[PDB]
Amino acid sequence: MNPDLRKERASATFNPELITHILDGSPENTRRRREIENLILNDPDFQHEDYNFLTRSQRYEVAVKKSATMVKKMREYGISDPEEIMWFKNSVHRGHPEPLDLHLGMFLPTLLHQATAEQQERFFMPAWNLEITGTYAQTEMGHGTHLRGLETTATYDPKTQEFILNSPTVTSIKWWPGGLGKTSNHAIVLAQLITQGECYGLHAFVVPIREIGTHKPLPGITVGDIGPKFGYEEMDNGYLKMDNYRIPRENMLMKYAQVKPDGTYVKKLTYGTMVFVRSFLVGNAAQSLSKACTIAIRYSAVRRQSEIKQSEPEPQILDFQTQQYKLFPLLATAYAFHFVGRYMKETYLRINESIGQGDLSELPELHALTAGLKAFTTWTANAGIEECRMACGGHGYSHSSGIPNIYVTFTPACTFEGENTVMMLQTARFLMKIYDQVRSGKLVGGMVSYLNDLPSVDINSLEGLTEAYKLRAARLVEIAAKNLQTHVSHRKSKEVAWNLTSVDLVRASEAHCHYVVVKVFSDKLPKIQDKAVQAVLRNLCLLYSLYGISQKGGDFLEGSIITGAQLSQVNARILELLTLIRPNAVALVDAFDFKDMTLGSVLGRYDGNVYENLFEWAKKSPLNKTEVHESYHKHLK
Amino acid sequence: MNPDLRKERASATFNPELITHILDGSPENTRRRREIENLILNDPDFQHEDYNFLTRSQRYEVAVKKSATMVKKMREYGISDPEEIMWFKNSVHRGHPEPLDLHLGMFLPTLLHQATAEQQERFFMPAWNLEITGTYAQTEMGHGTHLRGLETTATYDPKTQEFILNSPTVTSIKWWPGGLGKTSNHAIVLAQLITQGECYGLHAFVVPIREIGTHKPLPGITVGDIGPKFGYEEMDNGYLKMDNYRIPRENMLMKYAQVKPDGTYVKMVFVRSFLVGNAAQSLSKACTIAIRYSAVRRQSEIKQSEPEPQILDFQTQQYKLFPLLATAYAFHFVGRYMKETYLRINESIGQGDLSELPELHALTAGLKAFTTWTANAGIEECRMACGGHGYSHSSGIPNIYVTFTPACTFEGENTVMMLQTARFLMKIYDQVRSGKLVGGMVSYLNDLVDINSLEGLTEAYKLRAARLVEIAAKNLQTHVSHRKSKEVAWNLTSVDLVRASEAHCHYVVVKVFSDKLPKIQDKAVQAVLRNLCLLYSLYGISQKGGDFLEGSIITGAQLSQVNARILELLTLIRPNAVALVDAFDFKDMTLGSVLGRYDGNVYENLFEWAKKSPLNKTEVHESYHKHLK
Ligand SMILES: Cc1cc2nc3c(=O)[nH]c(=O)nc-3n(C[C@H](O)[C@H](O)[C@H](O)COP(=O)(O)OP(=O)(O)OC[C@H]3O[C@@H](n4cnc5c(N)ncnc54)[C@H](O)[C@@H]3O)c2cc1C
Ligand SMILES: Cc1cc2nc3c(=O)[nH]c(=O)nc-3n(C[C@H](O)[C@H](O)[C@H](O)COP(=O)(O)OP(=O)(O)OC[C@H]3O[C@@H](n4cnc5c(N)ncnc54)[C@H](O)[C@@H]3O)c2cc1C
């Protein structure tokens with residue numbers, strides 16, 4: 001390997017393999033994930049020309065065959081555990097999105113959970129070999145966040161006992177569903193149920209959209225791809241227009257609501273529904289940030305440029321303080337998000353045990369924390385990925401860095417499972433609700449128990465830093481509450497008040513979530529058995545928290561949480577941590593255990609042999625298919 | 001038009017035309033710019049299918065076709081004024097980069113300002129009928145920022161009287177030059193001059209790389225495209241490897257240094273100013289789209305009873321877009337300021353007065369980094385403020401983002417630039433330390449409160465700048481003191497130094513924006529810009545409250561009033577949002593945005609766009625039969 005990377009790995013003060021165990025959950029987990037990864041790696045059926053060297057059409061085509069192959073292979077290998085299916089799918093698509101995401105993630109799961117025996121035989125079973133391919137169509141051109149505003153109608157017809165699915169306007173057309181564009185022949189559509197002159201709200205219906213065998217669109221059906229996007233080249237995000245399309249009455253999912261043959265409309269928290277409330281975007285954020293950091297840091301250890309001292313030769317750019325400042329706080333963030341994502345997993349499991357005991361008390365906080373962490377981590381990871389890219393200089397801009405694809409692939413996560421701003425406002429509804437409760441004399445519990453200490457620190461220890469974040473969260477919640485009451489007590493409608501306090505409310509949710517990450521990171525440390533590993537993660541933990549304090553110094557000063565002098569100490573300690581982390585930077589990134597193939601990066605290769613490979617890469621790219629480009633003869637010659 | 005956009009326009013308290021006048025510098029500049037943009041809009045030779053519906057190869061091809069026609073068309077129309085050239089070229093490529101960029105910006109300009117009668121005869125003249133297509137090759141795979149690290153050599157050969165251009169290592173291969181991939185048959189190459197066993201530094205040579213008429217790479221010449229990037233699809237950024245490749249000794253640009261047959265060796269600010277304008281323009285486009293779309297898009301609710309409101313009515317939406325709108329105008333003004341400044345200092349240089357040249361270099365480097373980094377993040381905020389729809393190329397913001405973002409790394413990597421600014425700031429600091437009075441925009445360092453006034457806010461930025469410079473200076477001393485080494489000390493203080501330059505530059509933008517108001521003749525226009533200026537200043541104080549609180553420049557109670565004033569200002573700006581974006585005068589064609597269309601008729605046009613998308617050439621995709629069946 002490149003002498004420069006070898007030098008970095010030799011300076012590491014800890015064994016990176018021990019951290020990999022921690023990330024996967026156990027040594028055993030690491031082995032299994034690697035085993036599954038190697039199944040795809042050495043399988044030529046999963047190999048193909050570099051995504052970036054292919055047109056959009058060819059990219060979608062490649063994704064399709066790999067997904068089709070993926071299904072057959074997972075069936076044959078007997079991979080049923082959801083975690084293992086995740087690892088397997090990750091290795092096959094290398095973080096890239098694929099056309100069977102909704103089919104496997106929402107279509108089959110919804111049928112398995114709510115469909116009747118006859119329905120599953122008609123819609124679930126035929127999918128085993130993809131005879132049937134489905135997707136979930138909810139979003140419309142005119143409504144994404146505001147569901148109640150959806151326009152698709154499903155009117156019951158007593159005479160023929162079938163539903164009439166209709167897209168009355170341009171805005172009503174379904175828009176975005178992955179696989180809806182060209183892959184799926186069936187789609188579970190969400191529509192406003194209409195029967196006996198009454199609208200009963202949103203209900204789901206199984207609707208065939210393409211003829212089996214020929215894949216031609218069925219009469220009354222209009223489907224297609226929505227066009228090119230920032231990223232997602234391999235995903236056929238689509239649109240669906242239904243011209244008073246008829247389907248059997250038995251195609252409605254009736255586990256919760258039913259429609260009798262005469263048109264009469266009739267009418268719990270389970271482990272079943274809980275699987276749907278589950279989210280993996282926090283882990284997704286951690287992972288994407290990690291990939292970017294791995295690339296940027298390795299490259300920064302490989303790239304030599306400029307000079308620190310005129311007498312010495314060009315140093316590694318990772319020797320520059322500004323370089324370390326750009327990347328080490330993000331590396332610490334990457335780790336913080338991994339621990340938070342693991343905490344959430346733990347919580348889901350803790351919550352099921354509570355539900356099984358009849359205790360639904362922590363559900364409100366779960367839903368608020370879930371919406372909050374999702375927005376906090378996705379936004380932070382989003383910006384962090386681009387910093388990593390720009391930290392690589394000009395080469396970061398080339399697809400050979402691998403970062404532009406990571407960013408473009410990850411960024412819509414700020415939209416998935418609820419707009420980030422809307423989600424933060426959801427977290428704020430809960431924070432205000434708990435605040436009002438404490439106001440009326442109730443002692444509250446949970447991560448939000450600090451509210452019991454309203455109304456409104458040793459900056460050197462982890463405990464004092466956690467406390468500082470706790471106090472800052474309390475302070476921002478207090479500011480939002482008071483400001484909210486000022487509008488209300490001004491005779492304004494609770495709603496107008498809400499809007500006029502929304503910026504403040506989002507900030508309260510943000511502060512709350514940041515405090516949660518810090519506490520979770522800090523709580524992790526005492527549980528690390530290996531002292532060397534513990535020491536490094538501690539430095540990363542100190543950097544994450546100190547850096548957050550510097551980033552929003554105003555929050556801590558305004559609340560008199562820290563003094564101006566303490567802010568100076570915080571800033572100084574941050575610079576000191578950068579160098580303490582420096583000798584371990586590479587090994588910390590190696591611990592993420594990404595294979596070159598997943599990274600899709602010349603610059604971030606494990607071996608550090610960037611330059612020779614960067615040249616081969618460019619020479620094999622499409623514009624060099626010929627020495628002279630036809631445009632020459634036609635317009636220049 | 002969409003009645004939602006017309007009611008937004010009807011509520012405007014000023015005439016947008018007057019702001020366009022201010023943006024173009026004068027009413028006549030507008031009329032003239034709008035003339036050119038029309039020469040092109042109605043010309044079939046510049047029409048083609050949406051770039052986003054084409055492959056990388058087809059994009060490059062369309063760019064090449066348009067640029068070639070561009071040169072012919074300009075010459076024939078009489079467009080030679082380099083300003084009118086920007087407008088024309090901007091309309092033609094609809095804001096996208098083009099393969100003749102270096103040819104017109106570096107090749108010709110360099111020849112025209114350094115070539116001899118013989119050279120300007122066989123090099124400059126041919127680049128008339130594009131007979132010759134050239135580019136400038138500086139950057140190498142191994143070096144971009146630190147030029148004296150370049151490896152390309154030009155070893156003079158006394159016997160045959162010709163320089164030998166060589167790429168000894170993989171890292172020495174030229175990398176990135178636009179037009180170097182498949183467009184140019186000639187390239188001015190920057191290389192280490194070596195003659196008579198001695199290296200004399202970097203010098204520029206003109207080297208033919210492709211055979212005229214066939215475009216075949218010449219013997220010893222290896223050329224090609226460097227591959228696909230985040231953006232720049234229509235640009236053939238390339239690589240050049242020269243294997244002991246010989247060129248007439250007479251091919252060296254000897255305007256400043258010469259090499260006779262004996263082998264005896266003898267004897268940037270405008271571009272950064274351009275990028276600041278490029279930052280303002282890109283930010284403006286994004287804002288125009290995001291704001292127009294926010295007035296068109298209705299969703300969710302405020303009051304239970306009322307119908308879905310335009311998302312522009314949500315405070316959060318206003319908070320995301322109005323501060324950025326104010327930033328776009330702020331950046332346009334500081335850009336104009338930079339222009340006035342370099343023109344003035346240029347005039348001094350000519351009279352032997354170079355007293356303001358160091359500040360000019362420093363300010364120009366700092367503002368470039370400050371505005372490009374700010375606009376960069378702002379373009380993405382505009383995209384995300386559009387919801388999922390923003391992610392689609394139908395929003396046109398992703399292309400804007402991808403096209404503008406490299407501005408943060410080329411022409412001086414932002415952090416390196418800020419570091420240069422900091423070097424100047426420290427010098428000035430040491431100068432006042434010695435007891436000297438300094439002038440210029442930095443005269444506030446000779447001195448080493450009211451949140452409700454324009455003057456007080458400007459004053460607040462001044463002190464914040466002074467405070468950060470002082471913190472950097474103090475930390476720098478503390479390090480030279482403890483570490484006893486200047487280079488090590490500089491490095492351990494570099495984050496503080498960058499922060500001080502950022503603070504200095506922010507102060508400049510505010511001050512410039514503020515000094516611009518009294519010069520506005522129309523009262524209504526002056527009134528709206530004033531709100532944007534207050535928003536800009538107040539927003540920055542909130543964003544980095546700790547800087548002001550730390551320096552006892554503002555109290556906690558004042559920070560609170562700042563935040564309250566920002567919210568109030570969003571409200572006061574709301575009624576003028578669309579008109580303020582309309583003022584930019586961007587045409588639908590150069591915006592390439594369905595969501596930001598001037599008429600506001602989004603949805604109907606959106607479906608048509610998707611319907612026309614490449615993946616819908618057929619109802620069923622080929623991949624179905626061969627894989628999913
Ligand atoms: C890559 C990608 C893939 C997708 N895949 C799928 C898929 O497979 N299936 C599917 O069903 N959908 C999919 N979608 C659509 C996604 O579900 C929607 O984008 C999401 O629901 C938000 O809808 P919208 O974009 O119209 O947002 P809108 O809410 O209409 O607009 C967003 C803007 O309005 C603001 N806003 C909205 N309501 C409020 C409020 N009450 N208060 C304050 N601010 C508010 C937002 O914060 C934001 O600035 C995808 C989108 C993308 C980009
Ligand atoms: C779209 C695009 C188009 C381009 N077009 C052209 C073109 O037409 N012609 C051309 O010649 N070039 C072109 N380039 C190359 C561009 O000029 C270089 O990328 C730029 O000069 C920066 O060089 P670098 O990428 O090697 O940076 P590097 O410096 O190698 O790396 C950047 C990183 O190193 C850090 N760093 C470097 N030096 C220092 C220092 N002294 N102190 C502290 N930190 C430091 C930076 O802060 C940053 O994080 C283009 C690049 C792009 C992306």
# chains A, B, ... in the order shown; residues from 1 in each chain; ligands from 1
$ closest_atom_pairs --of "chain B" --to "chain A" --cutoff "6 Å" --atoms "only C-alpha atoms" --output "tab-separated table"
residue	atom	partner	partner_atom	distance
B:61	CA	A:631	CA	5.2
B:65	CA	A:635	CA	5.6
B:146	CA	A:306	CA	4.9
B:226	CA	A:618	CA	4.6
B:227	CA	A:618	CA	4.9
B:228	CA	A:399	CA	5.9
B:229	CA	A:398	CA	4.1
B:230	CA	A:404	CA	5.5
B:300	CA	A:146	CA	4.8
B:302	CA	A:495	CA	5.6
B:303	CA	A:495	CA	5.4
B:315	CA	A:499	CA	6.0
B:316	CA	A:503	CA	5.5
B:391	CA	A:230	CA	5.6
B:392	CA	A:229	CA	4.2
B:393	CA	A:229	CA	4.8
B:398	CA	A:230	CA	5.6
B:487	CA	A:309	CA	5.4
B:495	CA	A:322	CA	5.5
B:545	CA	A:554	CA	4.5
B:546	CA	A:554	CA	3.7
B:550	CA	A:564	CA	5.0
B:556	CA	A:558	CA	4.9
B:610	CA	A:226	CA	4.6
B:613	CA	A:227	CA	5.0
B:623	CA	A:61	CA	5.1
B:627	CA	A:65	CA	5.2
$ residues_around --residues "residue 82 in chain B" --least-positions-apart "4" --cutoff "12 Å" --atoms "only C-alpha atoms" --output "list in words"
residues 74, 78, 86, 87, 88, 89, 104, 105 and 109 of chain B
$ residues_around --residues "range 167-170 of chain B" --least-positions-apart "4" --cutoff "12 Å" --atoms "only C-alpha atoms" --output "VMD selection string"
(chain A and resid 609 to 616) or (chain B and resid 140 to 143 150 to 155 174 to 175 189 to 192 220 to 222 239 to 245)
$ write_last_selection --atoms "C-alpha atoms" --output "CSV table (one decimal), in the first residue's frame"
chain,number,residue,atom,x,y,z
A,609,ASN,CA,-2.9,4.0,-4.6
A,610,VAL,CA,-5.0,6.9,-6.0
A,611,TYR,CA,-3.1,8.4,-8.9
A,612,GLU,CA,-2.3,5.4,-11.1
A,613,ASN,CA,-5.9,4.3,-10.6
A,614,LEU,CA,-7.3,7.7,-11.2
A,615,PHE,CA,-5.7,7.8,-14.6
A,616,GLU,CA,-6.9,4.3,-15.7
B,140,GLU,CA,-1.6,18.8,-12.8
B,141,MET,CA,-3.0,15.7,-11.2
B,142,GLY,CA,-0.5,16.1,-8.4
B,143,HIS,CA,-0.7,19.9,-8.0
B,150,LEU,CA,4.4,21.4,-10.8
B,151,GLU,CA,6.4,18.6,-12.5
B,152,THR,CA,6.0,19.3,-16.2
B,153,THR,CA,9.4,20.2,-17.6
B,154,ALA,CA,10.4,22.2,-20.7
B,155,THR,CA,14.1,21.3,-21.2
B,174,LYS,CA,-2.0,17.9,-16.7
B,175,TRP,CA,-5.5,17.6,-15.2
B,189,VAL,CA,1.3,24.7,-21.2
B,190,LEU,CA,2.8,26.0,-18.0
B,191,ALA,CA,6.0,24.1,-17.2
B,192,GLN,CA,9.3,24.3,-15.3
B,220,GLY,CA,4.1,11.8,-28.2
B,221,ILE,CA,0.8,13.5,-27.3
B,222,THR,CA,-1.7,11.7,-25.1
B,239,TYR,CA,-5.6,15.5,-19.2
B,240,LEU,CA,-2.4,16.0,-21.2
B,241,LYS,CA,0.7,13.8,-21.0
B,242,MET,CA,3.7,14.9,-23.1
B,243,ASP,CA,6.4,12.3,-23.7
B,244,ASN,CA,9.6,14.2,-24.5
B,245,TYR,CA,7.5,16.2,-27.0
$ closest_residue --among "B:204, B:402, B:296, B:280" --to "ligand 1" --atoms "only C-alpha atoms and all ligand atoms"
B:296
$ closest_residue --among "B:237, B:30, B:434, B:129" --to "ligand 2" --atoms "only C-alpha atoms and all ligand atoms"
B:237
$ closest_residue --among "A:456, A:426, A:155, A:584" --to "ligand 1" --atoms "only C-alpha atoms and all ligand atoms"
A:426
$ closest_residue --among "B:534, B:362, B:291, B:345" --to "ligand 1" --atoms "only C-alpha atoms and all ligand atoms"
B:291
$ closest_residue --among "B:18, B:41, B:591, B:554" --to "residue 399 in chain B" --atoms "only C-alpha atoms"
B:591
$ atom_distance --atom1 "CA of residue 1 in chain B" --atom2 "CA of residue 292 in chain B"
12.3 Å
$ closest_residue --among "B:214, B:172, B:616, B:558" --to "ligand 2" --atoms "only C-alpha atoms and all ligand atoms"
B:172
$ atom_distance --atom1 "CA of residue 138 in chain B" --atom2 "atom 22 (C, counted along the ligand's line) of ligand 2"
11.0 Å
$ select_by_dssp --residues "range 172-402 of chain A" --states "alpha helix (DSSP H)" --output "number ranges by chain"
A: 271-277, 281-302, 321-355, 363-390
$ residues_around --residues "residue 119 in chain B" --least-positions-apart "5" --cutoff "9 Å" --atoms "only C-alpha atoms" --output "mmCIF file with N, CA, C and O atoms, in the first residue's frame"
data_model
loop_
_atom_site.group_PDB
_atom_site.id
_atom_site.type_symbol
_atom_site.label_atom_id
_atom_site.label_comp_id
_atom_site.auth_asym_id
_atom_site.auth_seq_id
_atom_site.Cartn_x
_atom_site.Cartn_y
_atom_site.Cartn_z
ATOM 1 N N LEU B 111 -2.368 35.244 -25.536
ATOM 2 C CA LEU B 111 -1.626 35.515 -26.760
ATOM 3 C C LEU B 111 -1.645 37.014 -27.017
ATOM 4 O O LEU B 111 -0.599 37.650 -27.167
ATOM 5 N N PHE B 124 -2.653 33.456 -32.762
ATOM 6 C CA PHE B 124 -3.808 34.302 -32.497
ATOM 7 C C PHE B 124 -4.743 34.444 -33.691
ATOM 8 O O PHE B 124 -5.958 34.288 -33.559
ATOM 9 N N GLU B 250 10.764 28.874 -30.681
ATOM 10 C CA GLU B 250 9.985 30.078 -30.926
ATOM 11 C C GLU B 250 8.544 29.948 -30.416
ATOM 12 O O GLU B 250 7.740 30.868 -30.563
ATOM 13 N N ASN B 251 8.222 28.808 -29.814
ATOM 14 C CA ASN B 251 6.877 28.591 -29.289
ATOM 15 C C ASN B 251 6.743 29.015 -27.832
ATOM 16 O O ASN B 251 5.669 28.898 -27.241
ATOM 17 N N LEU B 253 6.494 31.718 -24.807
ATOM 18 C CA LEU B 253 6.007 33.079 -24.655
ATOM 19 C C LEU B 253 7.134 33.823 -23.951
ATOM 20 O O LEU B 253 7.362 33.637 -22.754
#
$ residues_around --residues "residue 563 in chain B" --least-positions-apart "5" --cutoff "8 Å" --atoms "only C-alpha atoms" --output "number ranges by chain"
B: 538-539, 542
$ write_last_selection --atoms "N, CA and C atoms" --output "PDB file, in the first residue's frame"
ATOM      1  N   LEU B 538     -29.081  41.745  10.518  1.00  0.00           N
ATOM      2  CA  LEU B 538     -29.652  41.090  11.692  1.00  0.00           C
ATOM      3  C   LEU B 538     -29.489  39.574  11.615  1.00  0.00           C
ATOM      4  N   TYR B 539     -29.713  38.990  10.441  1.00  0.00           N
ATOM      5  CA  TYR B 539     -29.574  37.533  10.280  1.00  0.00           C
ATOM      6  C   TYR B 539     -28.160  37.063  10.664  1.00  0.00           C
ATOM      7  N   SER B 542     -27.521  36.916  14.415  1.00  0.00           N
ATOM      8  CA  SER B 542     -28.192  35.783  15.030  1.00  0.00           C
ATOM      9  C   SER B 542     -27.416  34.495  14.730  1.00  0.00           C
TER      10      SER B 542
END
$ select_by_dssp --residues "range 233-460 of chain B" --states "strand (DSSP E)" --output "ChimeraX atom specification"
/B:238-242,245-248,258-259,265-266
$ decode --residues "range 543-565 of chain A" --atoms "N, CA and C atoms" --output "mmCIF file, in the first residue's frame"
data_model
loop_
_atom_site.group_PDB
_atom_site.id
_atom_site.type_symbol
_atom_site.label_atom_id
_atom_site.label_comp_id
_atom_site.auth_asym_id
_atom_site.auth_seq_id
_atom_site.Cartn_x
_atom_site.Cartn_y
_atom_site.Cartn_z
ATOM 1 N N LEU A 543 -14.833 15.949 21.288
ATOM 2 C CA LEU A 543 -14.810 16.838 20.141
ATOM 3 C C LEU A 543 -16.215 17.143 19.627
ATOM 4 N N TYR A 544 -17.071 16.122 19.579
ATOM 5 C CA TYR A 544 -18.437 16.303 19.093
ATOM 6 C C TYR A 544 -19.160 17.343 19.938
ATOM 7 N N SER A 545 -19.106 17.173 21.252
ATOM 8 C CA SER A 545 -19.792 18.090 22.138
ATOM 9 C C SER A 545 -19.159 19.476 22.192
ATOM 10 N N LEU A 546 -17.837 19.556 22.340
ATOM 11 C CA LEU A 546 -17.186 20.868 22.392
ATOM 12 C C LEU A 546 -17.447 21.642 21.112
ATOM 13 N N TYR A 547 -17.360 20.950 19.982
ATOM 14 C CA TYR A 547 -17.591 21.566 18.685
ATOM 15 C C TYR A 547 -19.018 22.106 18.546
ATOM 16 N N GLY A 548 -19.997 21.392 19.107
ATOM 17 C CA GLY A 548 -21.375 21.863 19.022
ATOM 18 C C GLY A 548 -21.533 23.151 19.815
ATOM 19 N N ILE A 549 -20.824 23.228 20.937
ATOM 20 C CA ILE A 549 -20.862 24.408 21.798
ATOM 21 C C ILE A 549 -20.284 25.613 21.065
ATOM 22 N N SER A 550 -19.195 25.407 20.331
ATOM 23 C CA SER A 550 -18.579 26.489 19.571
ATOM 24 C C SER A 550 -19.459 26.902 18.388
ATOM 25 N N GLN A 551 -20.063 25.918 17.724
ATOM 26 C CA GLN A 551 -20.933 26.189 16.584
ATOM 27 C C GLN A 551 -22.126 27.075 16.943
ATOM 28 N N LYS A 552 -22.632 26.925 18.164
ATOM 29 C CA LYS A 552 -23.774 27.719 18.616
ATOM 30 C C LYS A 552 -23.483 28.379 19.964
ATOM 31 N N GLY A 553 -22.289 28.969 20.069
ATOM 32 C CA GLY A 553 -21.882 29.635 21.294
ATOM 33 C C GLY A 553 -22.969 30.529 21.866
ATOM 34 N N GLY A 554 -23.659 31.255 20.990
ATOM 35 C CA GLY A 554 -24.716 32.162 21.398
ATOM 36 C C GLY A 554 -25.807 31.546 22.259
ATOM 37 N N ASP A 555 -26.135 30.286 22.000
ATOM 38 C CA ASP A 555 -27.154 29.590 22.778
ATOM 39 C C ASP A 555 -26.667 29.418 24.202
ATOM 40 N N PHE A 556 -25.412 29.019 24.346
ATOM 41 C CA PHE A 556 -24.884 28.790 25.677
ATOM 42 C C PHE A 556 -24.588 30.063 26.463
ATOM 43 N N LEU A 557 -24.200 31.124 25.766
ATOM 44 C CA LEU A 557 -23.899 32.390 26.428
ATOM 45 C C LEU A 557 -25.185 33.100 26.837
ATOM 46 N N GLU A 558 -26.141 33.173 25.915
ATOM 47 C CA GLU A 558 -27.421 33.823 26.179
ATOM 48 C C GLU A 558 -28.095 33.225 27.415
ATOM 49 N N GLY A 559 -27.998 31.912 27.567
ATOM 50 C CA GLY A 559 -28.602 31.263 28.717
ATOM 51 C C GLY A 559 -27.683 31.248 29.926
ATOM 52 N N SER A 560 -26.570 31.972 29.839
ATOM 53 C CA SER A 560 -25.612 32.026 30.932
ATOM 54 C C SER A 560 -25.165 30.629 31.348
ATOM 55 N N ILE A 561 -25.207 29.685 30.417
ATOM 56 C CA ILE A 561 -24.801 28.322 30.713
ATOM 57 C C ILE A 561 -23.283 28.252 30.826
ATOM 58 N N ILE A 562 -22.573 28.926 29.918
ATOM 59 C CA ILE A 562 -21.104 28.999 29.977
ATOM 60 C C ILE A 562 -20.750 30.487 29.950
ATOM 61 N N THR A 563 -19.545 30.832 30.395
ATOM 62 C CA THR A 563 -19.105 32.226 30.397
ATOM 63 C C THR A 563 -18.348 32.497 29.109
ATOM 64 N N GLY A 564 -18.123 33.770 28.809
ATOM 65 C CA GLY A 564 -17.386 34.108 27.606
ATOM 66 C C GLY A 564 -16.000 33.484 27.658
ATOM 67 N N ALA A 565 -15.396 33.478 28.844
ATOM 68 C CA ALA A 565 -14.072 32.905 29.015
ATOM 69 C C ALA A 565 -14.115 31.413 28.722
#
